[PDB]
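Okay, here we've got a single chain as structure tokens, the form deposited in one PDB entry, with questions on binding and movement later.
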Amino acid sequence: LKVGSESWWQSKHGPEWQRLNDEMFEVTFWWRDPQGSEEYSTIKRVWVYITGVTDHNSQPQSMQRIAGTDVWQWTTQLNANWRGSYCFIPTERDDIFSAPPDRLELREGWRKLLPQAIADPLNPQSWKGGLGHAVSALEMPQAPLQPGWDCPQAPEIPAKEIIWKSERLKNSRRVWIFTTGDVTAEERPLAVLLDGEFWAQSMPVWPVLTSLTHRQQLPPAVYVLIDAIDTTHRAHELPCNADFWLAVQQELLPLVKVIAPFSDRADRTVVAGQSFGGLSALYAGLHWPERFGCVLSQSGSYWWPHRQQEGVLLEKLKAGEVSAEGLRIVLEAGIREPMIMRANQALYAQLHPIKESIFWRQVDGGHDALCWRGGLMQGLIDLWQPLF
């Protein structure tokens, strides 16, 4: 009842929202200063950073402290269909975002601040982000269902983590092997997931796949999740790197097959990734359609390597150096990530001769795992649907 008191804080479990109109909701966020009120606290600003929203040309506004309390509060508006992740940035600095600002001023600003990002401690839905700070989930009421995520179930057989020591790549990484449905299942499709460490540890997919397979949305299957190791490895290995996929095919999969047998049918073999991983996943089906006949690409980085020039994959597809023949593809991108959107549309245009084998999807979200988690499940559902 009295704002900022223990009992008041008790009633707070993350942001609260209410409809403004048909299109928008108003949303309020609270952060509690561990250090107490103005007198006792060194905190000068708290920034709310919302993925795909905070980035998109006016001056950022801080949370404001309610005078005399440990409460910081900030209100904004969000689209009814929107879902995405956010973080708080409590900082002792007062120099960032003072000017009334250039697009590059903004980016620089957030670059300086993002190292101090934290998840909302009162939001139960928080995870270690992909960018070395924790984040929290926010979903507006009309955001679409994400298959399986609302009714996770304990895995029947927990995933096995092995170390894959690659002779070709001269490195070691974690691989997680997870099998679903009935043990005796024969000719189980294989799905390979890039950024495996994220989907194995940060936002574990196990209980969601379990849930969907139990209700026969997904066939019994073998999932192989590959650790990207770190940012540098990832940026070398994922974007169009033949040696990565030759190692995967010649060393990793034959190991996985003796531990967890799966089908050698390309037409049910899935390769799934996001950004560099989506690009990688397509690159794999274009060059080894005998092994990978199904591609799940979400927010694929089709601009690669050019951070106003076509990406190399698109160029090689234009030139007929590679064909998308013998492929089923889920191709997904968010509207709140405009440059990714454009690259994906350019690819889609190019894939015209193979247009009807493509599940083309747009989304009200950004470059954000909270959005991807749904499209990942739905994409696996679409690709495997002919097995039903």
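Numbering starts at 1 and follows the sequence shown. Note that the rigid core is defined as the largest set of C-alphas that superpose within 1.5 Å between two forms.
Colleague: Is it true that at least a third of the other compared entries have no coordinates for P254?
Modeller: Across the other compared entries, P254 is absent from none.
Colleague: How about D94: is it missing in a third or more of the other compared entries?
Modeller: No; none of the other entries leave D94 out.
Colleague: Select one of none, 1 to 3, 4 to 9, or 10 or more to describe the deposited residues without coordinates separating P100 and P101.
Modeller: The entry has a short gap there, with 1 to 3 residues left out between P100 and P101.
Colleague: Relative to the deposited sequence, how many residues with no modelled coordinates occur between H352 and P353 (none, 1 to 3, 4 to 9, 10 or more)?
Modeller: Unmodelled stretch: none, continuous chain.
Colleague: Please work out which of 28-36 and 317-325 has the higher mean CA B-factor as recorded in the PDB entry.
Modeller: On average, C-alpha B-factors are higher across 317-325.
Colleague: Pick between 328-336 and 44-52: the one whose mean CA B-factor in the entry is higher.
Modeller: The recorded data point to 328-336.
Colleague: Out of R83, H133, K165, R265, which residue has the highest Cα temperature factor in the PDB record?
Modeller: Reading the PDB entry, the winner on C-alpha B-factor is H133.
Colleague: Going by the deposited entry, which of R234, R173, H287, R307 has the highest CA temperature factor?
Modeller: If I rank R234, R173, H287, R307 by C-alpha B-factor, first place goes to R307.
Colleague: Compared with the other modelled residues in the chain, in which third is the CA B-factor of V3?
Modeller: For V3, whose C-alpha B-factor we compare with every modelled residue in the chain, the answer is the highest third.
Colleague: Could you say whether, by C-alpha temperature factor, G293 belongs to the lowest, middle or highest third of its chain?
Modeller: According to the entry, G293 has a C-alpha B-factor in the chain's middle third.
Colleague: For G129, does the deposited CA B-factor place it in the lowest, middle or highest third of the chain?
Modeller: It falls in the top third of the chain.
Colleague: According to the PDB entry, is the CA B factor of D182 in the bottom, middle or top third of its chain, that is, lowest, middle or highest?
Modeller: Ranked within chain, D182 CA B lands in the highest tercile.
Colleague: Divide the modelled residues of the chain into thirds by Cα B-factor and specify which third, lowest, middle or highest, holds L106.
Modeller: Highest third of the chain for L106's C-alpha B-factor.
This next part talks about the form deposited in another entry, which is not shown.
Colleague: So, does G196 move by 2 Å or more at the CA between this form and the one not shown, with the core held fixed?
Modeller: Superposed on the core, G196 moves its C-alpha less than 2 Å between this form and the one not shown.
Colleague: Answer yes if the CA of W288 moves 2 Å or more between this form and the one not shown after aligning the rigid core, and no otherwise.
Modeller: It does not, since the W288 C-alpha is displaced less than 2 Å between this form and the one not shown after the core fit.
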